[PDB]
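Reconstructed Cβ throughout: ideal geometry from the backbone, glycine too, with neighbour counts over all protein chains shown. Laboratory data are not the source of any read-out in this text; all were calculated from the coordinates shown.
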Amino acid sequence: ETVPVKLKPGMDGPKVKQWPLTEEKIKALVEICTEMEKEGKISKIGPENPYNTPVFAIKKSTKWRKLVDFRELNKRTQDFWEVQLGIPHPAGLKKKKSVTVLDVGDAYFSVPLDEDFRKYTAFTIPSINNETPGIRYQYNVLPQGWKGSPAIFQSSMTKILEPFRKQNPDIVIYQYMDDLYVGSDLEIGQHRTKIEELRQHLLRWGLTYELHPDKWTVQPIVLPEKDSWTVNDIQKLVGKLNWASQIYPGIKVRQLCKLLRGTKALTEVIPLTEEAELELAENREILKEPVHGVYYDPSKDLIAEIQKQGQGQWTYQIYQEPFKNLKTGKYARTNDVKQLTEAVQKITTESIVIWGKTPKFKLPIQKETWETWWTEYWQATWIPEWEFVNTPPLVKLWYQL
Amino acid sequence: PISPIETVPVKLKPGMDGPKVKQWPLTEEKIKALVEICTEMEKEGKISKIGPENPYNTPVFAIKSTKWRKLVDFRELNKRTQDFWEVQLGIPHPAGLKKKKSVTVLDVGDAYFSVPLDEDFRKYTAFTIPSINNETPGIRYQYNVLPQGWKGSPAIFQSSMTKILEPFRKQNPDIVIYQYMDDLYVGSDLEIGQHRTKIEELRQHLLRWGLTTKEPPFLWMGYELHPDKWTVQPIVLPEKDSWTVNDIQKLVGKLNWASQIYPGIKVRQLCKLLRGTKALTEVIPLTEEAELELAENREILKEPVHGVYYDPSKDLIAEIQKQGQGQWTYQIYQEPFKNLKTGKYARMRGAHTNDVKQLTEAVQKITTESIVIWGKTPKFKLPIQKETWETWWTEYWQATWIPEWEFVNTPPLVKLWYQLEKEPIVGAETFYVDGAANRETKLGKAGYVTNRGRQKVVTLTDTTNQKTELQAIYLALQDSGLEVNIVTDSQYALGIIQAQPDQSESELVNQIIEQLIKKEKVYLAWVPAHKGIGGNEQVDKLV
Ligand SMILES: Cc1cc(/C=C/C#N)cc(C)c1N1CCC(=O)Nc2cnc(Nc3ccc(C#N)cc3)nc21
């Protein structure tokens with residue numbers, strides 16, 4: 001018996017063109033998809049289905065996995081999976097000392113998908129050089145990647161997890177899309193043992209990565225420590241402080257600015273006044289501590305910006321209103337697109353643990369570059385929304401370490 | 001025949017009913033023809049007459065050469081029919097095709113009328129042949145097959161043919177068959193004896209599904225296919241004394257098309273003429289550079305060039321050459337220099353760019369094309385030094401990644417034409433520049449003051465805050481020596497200039513560039529305005 005799934009009122013299904021794929025990935029999907037067709041999880045469809053969502057292969061492991069971009073479908077069912085049948089996000093998960101992420105996507109294949117909804121789950125395996133027509137399919141079972149899936153399965157999930165919760169009431173288990181986040185305060189060896197028992201419970205239902213969010217600390221805006229000070233160094237300091245003034249309430253600058261009084265050569269070493277040293281002091285205390293007066297709003301999209309810092313290091317901020325930073329971080333250590341792709345997954349994971357939402361990413365890269373290459377390193381099973389931007393050049397150094 | 005294949009369920013758009021357009025009355029020769037035509041069709045099963053219960057109607061016409069065609073106007077039924085999966089996602093490109101030993105082409109006659117229409121849907125295809133001077137009831141018929149002009153017919157036809165062919169394909173993978181519209185093109189690597197044997201099984205497999213059914217040069221899709229090579233179908237450049245806008249648009253089109261296989265076709269000087277709003281019929285005199293490009297194009301086209309086909313066992317090599325003026329040209333080959341395909345890149349991503357940025361975005365575009373056509377990226381050969389590139393993309397703020405590539409010395413080479421200092425220059429003059437513009441008068445003052453005491457304020461008309469802030473930097477570069485430090489409060493100007501632009505649409509920016517190339521050291525620094533940062537406030541005063 002299936003749960004009827006309806007789109008938002010007066011919205012049509014997704015008609016998203018399939019990106020071009022390489023030979024090795026088309027072969028991977030063709031094996032995967034004939035196997036899913038035998039098992040009955042998908043079925044070929046005809047030209048009467050005008051809907052499409054794109055599909056890719058990743059490698060997470062030495063086996064190709066299938067990844068369906070349901071971003072567009074998720075936007076169009078968003079009434080269903082969020083207000084009518086939402087999974088609540090526990091505030092305690094971010095506090096727990098250890099958090100393990102488990103894939104439970106395979107659970108969704110047990111469950112039949114509303115027969116009148118299967119048409120919106122259509123996808124195409126394309127053809128090299130368009131020589132053959134695309135192989136087209138639709139799902140019959142709850143598809144991985146669709147936020148309707150965990151919503152529909154959440155009744156069966158709490159039944160599966162009911163014994164384990166009863167016996168470990170200090171363990172937090174949160175479900176986001178195809179993943180279970182399991183957070184405990186236990187010593188790491190005890191923690192892993194508890195995850196092992198939990199795999200056993202899931203394993204009795206057709207259900208066959210370690211975060212330490214306690215150790216997630218803010219990357220404060222850093223003011224240089226210096227012996228001498230050129231006017232160039234103070235100018236770069238006034239610029240970095242005055243912009244920080246727009247975020248952290250209380251940053252003061254004018255005492256520094258009177259050290260630069262005439263039109264001085266940039267290289268001349270300016271002696272520091274003791275009220276200046278007084279103010280660099282007073283400002284460092286503010287910048288170390290979190291922003292005052294900035295709170296998460298569950299009704300507003302999260303934004304993440306990323307700045308390339310060179311030398312394999314990258315900074316990022318999460319916010320809903322620009323300059324109201326909920327979180328600021330760095331990410332470190334070959335390949336620019338590989339590193340960015342790792343950074344997006346890291347920031348998205350932290351964003352799921354902390355808020356139950358993935359951020360919309362402002363990516364500093366050419367769209368064509370990104371879409372070409374992101375699949376080669378992507379290893380999560382969700383996909384966040386992203387825009388492409390030109391990083392304001394000043395912002396880059398104002399978050400530099 | 002009408003193929004025994006299952007039908008495709010069709011439905012109208014949600015909340016919509018089938019058409020009821022009224023039948024315009026026709027001359028008596030018109031309806032006589034329609035009666036002739038509809039009884040031939042009725043006897044073959046293509047249509048069937050219906051009771052007057054059916055409330056649906058679609059107008060019908062006829063027009064003539066001395067025999068008559070029936071034209072049904074499906075505009076209203078098309079507007080009410082569901083959308084379909086689009087029929088083709090892309091055309092195969094010749095350079096993606098494999099060499100074939102034997103090729104024959106076969107055409108489905110009676111294409112759409114050989115395929116059944118969803119019985120539950122025929123009621124809406126109803127049309128009416130009117131009486132003479134529309135006195136009595138007309139003869140009402142409906143389609144049982146896919147009608148021509150209905151928006152589902154291409155989709156359901158091409159889909160029907162895929163279901164029909166997929167047995168014969170899996171029972172014969174070696175053979176390739178291409179479905180486009182009515183056409184069946186069939187290629188194989190068998191000897192012309194055993195090959196024509198396999199074509200007959202195909203025909204007999206086709207007729208068992210009710211589908212009844214050439215020379216090396218196949219003129220297809222703009223191309224000339226041969227079994228072992230391809231090219232573009234012949235390019236004739238007219239020899240005109242007067243060129244109209246419409247003549248040059250067609251020439252730009254043929255050249256753009258010819259550039260798929262003819263290397264080094266240039267069109268920029270011809271495109272520059274089209275800029276403007278002039279009528280299709282107006283004559284444009286060819287500039288000197290345009291007639292120079294037309295010359296080089298005429299010579300490139302002199303002798304026929306062909307393309308080879310793709311050997312899946314071998315790497316692809318993509319070579320790029322800079323042709324100046326932001327025009328790039330490339331060739332893809334597997335054995336040098338037997339080209340599978342050529343092309344050109346000449347876009348402008350942004351207002352200001354440099355050759356390194358332009359070369360990277362030409363690489364991305366060739367890379368995407370490659371994945372489309374062959375399913376793998378090529379190994380690149382680029383006119384850029386490995387260390388020029390390492391220098392650029394590690395200091396630059398956007399992320400990038402071009403795949404396996406190699407330097408190839410085919411001048412012009414891509415260079416960075418200047419480098420901004422990373423630290424302020426000692427013993428060099430510090431200019432505190434600033435520009436401003438009163439935004440109603442549209443007048444501006446660009447100025448600078450110096451740590452050595454110099455000052456200057458030029459005044460500009462017709463400007464903006466953006467343009468004056470670049471003028472103030474231009475000034476500081478004019479009036480300074482080989483080394484110089486510059487302090488602006490314009491993040492606009494700092495962003496543009498820290499990108500190491502090579503070229504720009506702003507000739508202002510182009511002047512600043514020619515300055516920065518002549519210099520030996522330039523440090524560029526930004527301070528916030530109105531924060532009272534020493535020199536900043538004093539050139540702010542002077543402006
Ligand atoms: C067989 C054919 C024909 C046409 C148009 C003909 C006209 N007019 C278009 C395509 C795309 C194919 N297709 C069928 C689809 C497929 O899956 N693979 C193919 C692989 N290789 C080739 N090569 C090839 C070599 C030499 C010649 C010649 N002369 C023609 C073709 N063609 C393929």
Practice prompt. Under 20 Å Cα to Cα from A:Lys96, which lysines show up? Leave out anything in the same chain fewer than 8 places away.
Written response: A:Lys166, A:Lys194, A:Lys215, A:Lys327, A:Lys346, A:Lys357
Worksheet item: On the first, second and third principal axes, largest extent first, how far apart are the outermost C-alpha atoms of region B:180-305 in Å?
Response: 62, 30, 20
Worksheet item: Three principal axis extents, largest first, for the C-alpha atoms of region B:418-543, in Å?
Response: 39, 34, 22
Discussion item. Need the list of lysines near B:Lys272 for cross-linking: C-alpha distance under 21 angstrom, and skip anything on the same chain fewer than eight residues off.
Written reply: B:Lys240, B:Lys250, B:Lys254, B:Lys322, B:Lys344
Worksheet entry | Computed label-point distance, nm, for sites A:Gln219 and B:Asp120 using a 7 Å Cα→Cβ extension | 5.7 nm
Discussion item. Starting from the 7 Å offset along Cα-to-Cβ, what nm value, one decimal, do you get for the label separation of B:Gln323 and A:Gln190?
Written reply: 7.2 nm
Worksheet item: Do any chymotrypsin sites (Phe, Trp or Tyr not before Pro) in region A:70-117 lie in a DSSP loop with no more than 13 other beta carbon atoms within 10 Å, and if so, which?
Response: none
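Once the cut-off is 36 Å, how many percent of the Cα-Cα pairs in the protein assembly as shown end up in the long-distance tail? Let's see the in-between values first.
Values: 287963 of 445096 pairs.
Tail fraction, whole percent: 65.
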Worksheet entry | Theoretical FRET efficiency, 1/(1+(r/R0)^6), r = Cβ-Cβ of B:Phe61 and A:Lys252, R0 60 Å, to 0.05 | 0.15
Item to complete: Rounded to whole Hz and in sequence order, give me ³J(HN,Hα) for region A:286-298 from the Karplus expression 6.51 cos²θ - 1.76 cosθ + 1.60, θ = phi - 60°, writing x for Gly and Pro.
Response: 5, 6, 6, 7, x, 5, 8, x, 10, 10, 5, 10, x
Worksheet item: Sorted from largest down, what three extents in whole angstroms do the Cα atoms of region B:311-417 have along their principal axes?
Response: 39, 25, 25
Fill in: 3J(HN,Hα) from dihedral phi, region A:263-270, Karplus parametrisation 6.51/-1.76/1.60, rounded to Hz, x for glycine, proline
10, 8, 3, 5, 8, 6, 6, 9
Worksheet entry | Förster radius 35 Å - calculated FRET efficiency between B:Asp83 and B:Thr244, Cβ distance, rounded to 0.05 | 0.30
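Just rank A:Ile173, A:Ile306, fewest to most, by other beta-carbon atoms within 10 angstrom.
Values: A:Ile173 20, A:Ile306 23.
The order, fewest Cβ neighbours first, is A:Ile173, A:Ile306.
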Worksheet item: If you take every DSSP beta bridge whose two residues both sit in region B:364-489, what share of them, in percent to the nearest 5, is antiparallel?
Response: 65 percent
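Give me A:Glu350, A:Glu23 sorted ascending by neighbouring Cβ count inside 10 Å, so fewest comes first.
Details: A:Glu350 20, A:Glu23 13.
Ranked by crowding around the Cβ, least crowded first: A:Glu23, A:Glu350.
Kindly put B:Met348, A:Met157 in sequence by how many other C-beta atoms sit within 10 Å of each C-beta, fewest to most. Could the numbers behind the result be given before it?
Values: B:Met348 13, A:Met157 20.
Starting with the residue having the fewest Cβ neighbours, the order is B:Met348, A:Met157.
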Worksheet entry | Zone residues, region A:109-151, relative to A:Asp79, backbone N less than 18 Å from point 7 Å out along Cα-to-Cβ | A:114, A:116-118, A:120, A:147-149, A:151
Practice prompt. Report the label-to-label distance for B:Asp110 and B:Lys170 in nanometres (one decimal), using points 7 Å from each Cα along the Cα→Cβ vector.
Written response: 2.9 nm
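Return the loop-located chymotrypsin sites (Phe, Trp or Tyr not before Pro) in region B:275-355 (DSSP other than H, G, I, E, B) with at most 16 other Cβ atoms within 10 Å of their own Cβ; answer none if there are none.
Details: sites: B:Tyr309, B:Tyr310, B:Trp328, B:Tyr330, B:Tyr333, B:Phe337, B:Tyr345; in loops: B:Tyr309, B:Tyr310, B:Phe337.
Sites meeting the loop and neighbour criteria: B:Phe337.
Using alpha carbon coordinates only, what is the Rg to Rh ratio of region A:214-318, with Rh defined as the Kirkwood radius? Write out the running numbers ahead of the final one.
Details: Rg = 16.5 Å, Rh = 16.0 Å.
Rg/Rh for region A:214-318 comes to 1.03.
Mind checking the dipole of region B:418-543: about its Cα centre, +1 per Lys or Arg Cβ, -1 per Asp or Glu Cβ, Debye to the nearest 20? Can you show the working numbers first?
Working: 13 positive and 17 negative charges, 64 e Å.
Around 300 debye, computed over region B:418-543.
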Worksheet item: Considering the dipole of the protein assembly as shown built from charges on the beta carbon (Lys and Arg +1, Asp and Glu -1) around the Cα centre, which of B:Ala258, B:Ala446, B:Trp150 is farthest to its positive end?
Response: B:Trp150
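Treating only the Cβ atoms of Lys and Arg (+1) and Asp and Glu (-1) as charged, compute the dipole magnitude of the protein assembly as shown about its Cα centre; round to the nearest 20 debye. Write down the numbers at each step before the final one.
Working: 126 positive and 122 negative charges, 203 e Å.
Dipole size: approximately 980 debye.
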Practice prompt. Once you have the Cα-Cα distance between B:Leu292 and B:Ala529, take 0.36 nm times their residue separation minus that, and quote the gain in nm to one decimal.
Written response: 80.3 nm
Worksheet item: So in chain B, what percent of DSSP beta bridges are antiparallel if you round to the nearest 5?
Response: 75 percent
Fill in: Partner chain coverage, peptide A:380-392 - average Cβ within 10 angstrom
1
Worksheet, complete the sentence: Across B:529-542, the residue-averaged tally of Cβ atoms belonging to other chains within 10 Å stands at 5
Worksheet item: So who's got an amide H within less than 5 Å of the one on B:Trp243, skipping anything under 5 residues away but keeping other chains? H placed 1.01 Å off N, in plane.
Response: B:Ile284
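As an exercise, use a Förster radius of 30 Å and the Cβ-Cβ distance of B:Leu237 and B:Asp311 to find the FRET efficiency, rounded to the nearest 0.05.
Efficiency for this residue pair is about 0.35.
Can you tell me the mean projection area, over all orientations, of the convex hull of region A:319-398's alpha carbons? Units nm², please.
Working: hull surface 23.5 nm².
Projected area, direction-averaged: 5.9 nm².
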Response to the item:
From the Cα centre of region B:9-72 to that of region A:121-146, the distance in Å is 37 Å
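Averaged over A:42-48, how many beta carbons belonging to a partner chain fall within 10 Å of each residue's beta carbon? Let's see the in-between values first.
Working: counts 0, 0, 1, 1, 12, 16, 13.
For peptide A:42-48, the averaged partner shielding equals 6.
Determine the dipole magnitude for chain B: charges of +1 sit on the beta-carbon of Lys and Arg, -1 on that of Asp and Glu, nothing else is charged, the reference point is the Cα centre, and the result goes in debye to the nearest 20.
Numbers: 70 positive and 70 negative charges, 215 e Å.
With only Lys, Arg, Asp and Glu charged at Cβ, the dipole is about 1040 debye.
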Fill in: Extended-chain gain in nm, criterion 0.36 nm per residue less alpha-carbon gap, B:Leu542 and B:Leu280
89.1 nm
Worksheet item: Can you give the relative contact order of region B:217-310 as a percent, counting alpha carbon pairs under 8 Å and 6+ residues apart?
Response: 35 percent
Worksheet entry | Karplus-derived 3J(HN,Hα), 6.51/-1.76/1.60, for each residue of region A:372-380, Hz, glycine and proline x | 4, 9, 5, 4, 5, 10, 3, 9, 7
